[PDB]
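Written below as structure tokens is the structure these notes are about.
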Amino acid sequence: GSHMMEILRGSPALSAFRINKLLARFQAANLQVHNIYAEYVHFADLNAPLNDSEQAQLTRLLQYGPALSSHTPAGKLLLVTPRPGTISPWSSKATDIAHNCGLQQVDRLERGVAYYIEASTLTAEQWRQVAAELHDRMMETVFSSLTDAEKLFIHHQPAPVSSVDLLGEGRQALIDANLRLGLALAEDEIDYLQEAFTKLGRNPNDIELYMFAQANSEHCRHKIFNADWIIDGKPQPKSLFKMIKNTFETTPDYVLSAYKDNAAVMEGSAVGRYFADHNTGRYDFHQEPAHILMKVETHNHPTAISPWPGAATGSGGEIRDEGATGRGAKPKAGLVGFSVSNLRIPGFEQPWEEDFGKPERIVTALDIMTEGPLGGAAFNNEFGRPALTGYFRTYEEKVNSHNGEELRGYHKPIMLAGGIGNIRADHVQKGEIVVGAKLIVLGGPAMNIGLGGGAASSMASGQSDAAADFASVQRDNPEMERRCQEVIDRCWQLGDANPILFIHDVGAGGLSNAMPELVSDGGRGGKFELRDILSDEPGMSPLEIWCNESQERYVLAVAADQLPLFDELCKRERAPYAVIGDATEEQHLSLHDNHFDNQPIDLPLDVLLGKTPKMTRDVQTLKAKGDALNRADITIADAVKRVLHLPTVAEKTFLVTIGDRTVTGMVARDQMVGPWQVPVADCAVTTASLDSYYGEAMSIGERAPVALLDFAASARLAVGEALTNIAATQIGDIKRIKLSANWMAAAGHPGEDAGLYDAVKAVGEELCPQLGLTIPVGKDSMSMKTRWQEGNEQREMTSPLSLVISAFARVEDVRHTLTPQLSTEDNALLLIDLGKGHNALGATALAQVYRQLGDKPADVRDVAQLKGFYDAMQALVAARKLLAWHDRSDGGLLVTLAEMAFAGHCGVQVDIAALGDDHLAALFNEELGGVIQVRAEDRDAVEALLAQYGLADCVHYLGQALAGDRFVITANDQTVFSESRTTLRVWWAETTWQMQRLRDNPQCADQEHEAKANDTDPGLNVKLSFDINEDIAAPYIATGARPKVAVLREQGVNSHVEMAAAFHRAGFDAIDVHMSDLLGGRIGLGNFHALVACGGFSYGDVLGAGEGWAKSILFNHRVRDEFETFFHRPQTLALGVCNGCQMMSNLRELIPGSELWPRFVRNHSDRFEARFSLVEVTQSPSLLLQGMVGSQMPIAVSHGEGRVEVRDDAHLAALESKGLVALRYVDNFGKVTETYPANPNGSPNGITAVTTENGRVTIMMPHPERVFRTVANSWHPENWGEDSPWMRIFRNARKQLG
Ligand SMILES: Nc1ncnc2c1ncn2[C@@H]1O[C@H](COP(=O)(O)OP(=O)(O)O)[C@@H](O)[C@H]1O
Ligand SMILES: NC(=O)CC[C@H](N)C(=O)O
Ligand SMILES: [Mg+2]
Ligand SMILES: [Mg+2]
Ligand SMILES: [Mg+2]
């Protein structure tokens, strides 16, 4: 009923560098702005009053963030808020916090930014340009009063169903509805619906038509992939889908599920799966097969409109598909892909770049590469999966391709998200759905988001309208999805008692696709009640309820008798759920509305799900002639410089360190390699469990520009490069490697349809069967083109046919993986040239950087040799004969060699006289293959091994890696190219420099860049004060007496399992203690002598990282007392890591000896930092760091709010003089530092761990529990065994308890 809104003023919102960025942009647009100041403002919509104690609680909940200096407001107020009718994810999370702090009076919290602008003239026109700079027009609105925020909370009554009057108007009623609702129905679909509803004798409701329209969109139905074809006048025998399935028919080996779920599954390894038992709450290893699931998809349309949520929800949706595999499974690691047009970075424009214009209503390529990666990472970080491999291509050029001179590019981008997960053997096959099964929606209360995303993603970009653009603006709440994943995990961890009978993602078409798909897959019908669906928008129509594409939702069926167990599981995780229907024997779909007393849907399923006829595509081959590369302005030296400046080639740190690479404690090989943490790893590798060296690998291959000359060569190169990227990982049989094939095309663009067919046939009927590669999963995105008016003229930007191949494989031993990090021991560099001397230059980075396409591209030259290459590499890996590997891809041999020299921080001396007279072609061709490094004494044996696989004539001794800074390429006695390695490495870094500079704190960006120019940097290096191998806990463990540790987690924590496992190894019984367990009386801290607060994103860090977790404790007097009691005991030990460190810092008042502790706030860079950082252990009372003082070693860092902040210099000095600092960032020279990224977060005096006066409580931002295994350390000394130095923390805890 009646509500009231409270306004609570917040903290200053913008740091000085962001304030200056705005002032410079106003200056640059001739807007005389003299000053700008911004404060956060909070809006609390209340359903009943707060007493003084409750109000002070709310005020305290709304104190967070860096303590920037406050100003009295002056000048003109512009308030930026979410647009009315939308609810921010901030609101969802901040409101949860208020509820878990016992403020049930809060209906909703929302936040805005109040800007105060002091300006000169400014016409009201100039005031609109000011407002335009301060907000995102796709998600936010600008208001002139704080009281205008009342508009965000308006109560709306439910809108009724609308019927479409077929009986009273005939077919015209359907034609009109088609246009009005944007159904995009073909004529034969209108005929089908006309007849269906004629036969039923009643008018269709809007909801029924909309549901049908989204289900029959290209995006949902895959008509092109199921079409018959005629090509150059000849009917073809197979659909594209069937050509793909041919690879499964040929190679079924190791596959457990293909084309039957939203993920493929393959065999894994029998290992210890580590999780907490349902009955005891104790973490234990369960020895069993951990099979491997895989999936890759895209989110291309929405990302062109709103890239952050487009990227974020692309990850989100893919992660739902993984979790919804079989009867429930567990996402493990991600991959990420982007293809965009030229960046045209201001002040850093490159010579191949020309501005060709774009639609007004899509964003730029730069804006996609700025906001998009941050959204994808935001999801992966908050959900808690590491992101370990990826690609990033730029391409935008006017080229003479298959359809003559045209603009080819990515104005509509590729935004790709994928991953692998683990699954139990008895959960791979979907279960049957019993009649009477309860049909549940797990996850977030819905809103009117993304409505018609199925149809909207089935058409070209540009030339839209405002309403369809708003409907392309997605919304992500990763913490909601983590809560759901926890429920799914509890389910599958019940084994034979998993109550999930069937589960599926909620994606395109929303419930309208997902619920009918679910009952249909079980051979049932369903009857549903509209008003049982959770809603955050009471105004929605039945059509909006049923069809919206709100995020973080799953559908599942459970037996009625398992509902009480399901409800327990949900409530413990705080995962919202609703029973919304029942499965029926009758194959009918009914949706009832208790509010309006009527029946929005009443359809037989065969009517609803029936199909118009199959498509037939009758198309013609076009083939580009292609022109020899004009080398007039090309020199080797200039080409080097340009190629290292192509983003596709250039260093990718901007995309890498924004995303967590260590969550789970199972990451063995991330993108960053070696002591200088250079992002060149060719594939990702994870361990299968926390107790095994078996694992999983991921790689990507893609080569779209090649499809501008040769469709089939492009698809063969994508598969070949996926293989050459994975090949130095210990796999064995090539049939263990499984592919996802993701096809992006502008279907209908001249030449592309035939090209697509040819390319699918090239890999599905030919190459993959001949190699023994299965493609058990895949997807397609068939409208990769953008049209707009540029002056008086029509313009179009069409993508090349763009196949992205992801490769997945069970790994036999993760320890044996090679990287590009050159050794300088005596060595030989050998090139494996799978190009057989073809040395093609067409559609290379070289061609692109001189604005050309060239003549003939690379291609798979010899299938047997490609297989022999793989098998030879597997032989060399297993026999431990390789020091290094790096494959050849974008940028050619030149770039492979350069990148190895960068990773090894060394030089090379190579001769290319054997690779042909054309040195430009030898160095810049992008033929398959790469460079191995071997010990000099092994050269002859390695060459004989290669020869056994038929490769002798492709193998060429190049030379050696050498200490120092010289990169030298000779041919006989001539120097072909010679340059400082450091100069080349800096050039190769300039793209990430400029991206980080424009996106992050430019001071940090500059510091990181400039460090790369100092060749004397020794890289990460270790000094140990103790014996890493000495298990000081062993005598305790040998008694069999295992003390408990409370492994504490809140909603949104994601780092608890590996924390449990670290303590386990040290001899503890690790107990899963959720904050709901404490609030419910199921666990009491009095039964524990040790507690650990784990990492993650509790409440999505809304209201300050760790703050909602801590304030939930403080505001419940019972739980508050419990924690105080624990910390005031004389012998108890507690550890807070990352989110747990932040939480415990906010609980100071309960912890003795903590009065000098700092706060932890937004990093100085203004960016999430996923780093492998060097720290030193400093002298303090900390009992957990005993024996380790003076040690220096690297550790996993993964945080956005890790900066120590003190009240004033007095506080810093007091802390330091008390001697409570326990860890500090050091640079690679070993000195305490504040320079970035050696110190990733800007903490004064490098501080990143503190302890209490008694030593019994220690808090730290880095993650020792992610790196307690040597194998999980991105770089480490070669002589280490199983345990890293960090294992000593947990062993210290065990010894301390006695
Ligand atoms: N979009 C991205 N997100 C995350 N990591 C990425 C991304 N693009 C590239 N990377 C990573 O950066 C490194 C270099 O990428 P790239 O040069 O494209 O690989 P390659 O040439 O071996 O195919 C790799 O470790 C790759 O996984
Ligand atoms: N991994 C973590 O615990 C991170 C803590 C918090 N979400 C941050 O980013 O600062
Ligand atoms: Mg590369
Ligand atoms: Mg590579
Ligand atoms: Mg690549």
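Each number in the numbering used here comes from the position in the sequence shown (counting from 1) with 141 added on. From the three backbone atoms N, C-alpha and C, an ideal C-beta is built for every residue, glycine too.
Identify, in the order they occur along the chain, each residue of the same chain with its Cβ nearer than 7 Å to the Cβ of residue i, setting aside the five sequence neighbours on each side.
{"i": "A354", "result": "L324, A325, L326, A596"}
{"i": "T505", "result": "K499"}
{"i": "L1024", "result": "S964, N968, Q1074, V1075, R1076"}
{"i": "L730", "result": "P657, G666, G667, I742, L744, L746, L749"}
Bridge partners of residue i, per DSSP?
{"i": "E259", "result": "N176"}
{"i": "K668", "result": "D723, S731"}
{"i": "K436", "result": "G560"}
{"i": "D967", "result": "None; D967 has no bridge partner."}
{"i": "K217", "result": "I258"}
{"i": "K539", "result": "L548"}
{"i": "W884", "result": "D921, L944"}
Return yes when the Cβ of residue j is within less than 8 Å of the Cβ of residue i, no when it is not.
{"i": "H890", "j": "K926", "result": "yes"}
{"i": "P450", "j": "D617", "result": "yes"}
{"i": "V1408", "j": "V955", "result": "no"}
{"i": "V437", "j": "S947", "result": "yes"}
{"i": "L244", "j": "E291", "result": "no"}
{"i": "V1398", "j": "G1387", "result": "no"}
{"i": "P679", "j": "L750", "result": "no"}
{"i": "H1205", "j": "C1279", "result": "no"}
{"i": "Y1240", "j": "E620", "result": "yes"}
{"i": "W633", "j": "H736", "result": "no"}
{"i": "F382", "j": "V781", "result": "no"}
{"i": "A607", "j": "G593", "result": "no"}
{"i": "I775", "j": "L1061", "result": "yes"}
On the criterion of 16 or more Cβ atoms from any shown chain inside 10 Å, does residue i qualify as buried, or is it exposed?
{"i": "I1053", "result": "buried"}
{"i": "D317", "result": "exposed"}
{"i": "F1370", "result": "exposed"}
{"i": "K340", "result": "exposed"}
{"i": "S1295", "result": "buried"}
{"i": "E1423", "result": "exposed"}
{"i": "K1164", "result": "exposed"}
{"i": "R1126", "result": "buried"}
{"i": "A1013", "result": "buried"}
{"i": "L320", "result": "exposed"}
Counting only the same chain and skipping the five closest in sequence on each side, list residues whose C-beta sits under 6 Å from that of residue i.
{"i": "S598", "result": "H360, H442"}
{"i": "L1438", "result": "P1184, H1230"}
{"i": "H1197", "result": "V1188, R1190, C1235"}
{"i": "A1039", "result": "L1125"}
{"i": "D1031", "result": "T789, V790, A986"}
Once you ignore the five residues that flank residue i on each side, which residues in its own chain have a CB closer than 8 Å to its CB?
{"i": "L994", "result": "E538, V540, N541, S542, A765, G767, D768, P846, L849, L850, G983, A984, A988"}
{"i": "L1274", "result": "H1230, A1231, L1232, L1324, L1325, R1397, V1398, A1434, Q1437, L1438"}
{"i": "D630", "result": "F416, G469, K471"}
{"i": "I295", "result": "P225"}
Can you confirm whether the stretch 1301–1315 touches the stretch 1258–1274 when touching is taken to mean that 3 or more C-beta pairs between the two stretches lie within less than 8 Å? no
Counting beta carbon pairs with one atom in the stretch 905–915 and one in the stretch 815–835, are three or more of them shorter than 8 Å? no
Touch test, the stretch 1204–1221 against the stretch 203–210, Cβ-Cβ under 8 Å, three pairs minimum: no
Whether or not the stretch 560–572 and the stretch 455–466 are in contact is what I'm after, with contact meaning three or more pairs of Cβ atoms, one per stretch, closer than 8 Å; do they touch? yes
Tell me, please, whether the stretch 255–265 touches the stretch 216–225 by the rule of three or more beta-carbon pairs shorter than 8 Å. yes
Can we say the stretch 832–841 touches the stretch 1341–1355, given the rule of at least three CB pairs closer than 8 Å? no
Could you say if the stretch 877–888 and the stretch 1019–1037 meet the contact criterion of at least three C-beta pairs nearer than 8 Å? no
Validate contact between the stretch 342–354 and the stretch 862–876 using beta carbons, cut 8 Å, 3 pairs: no
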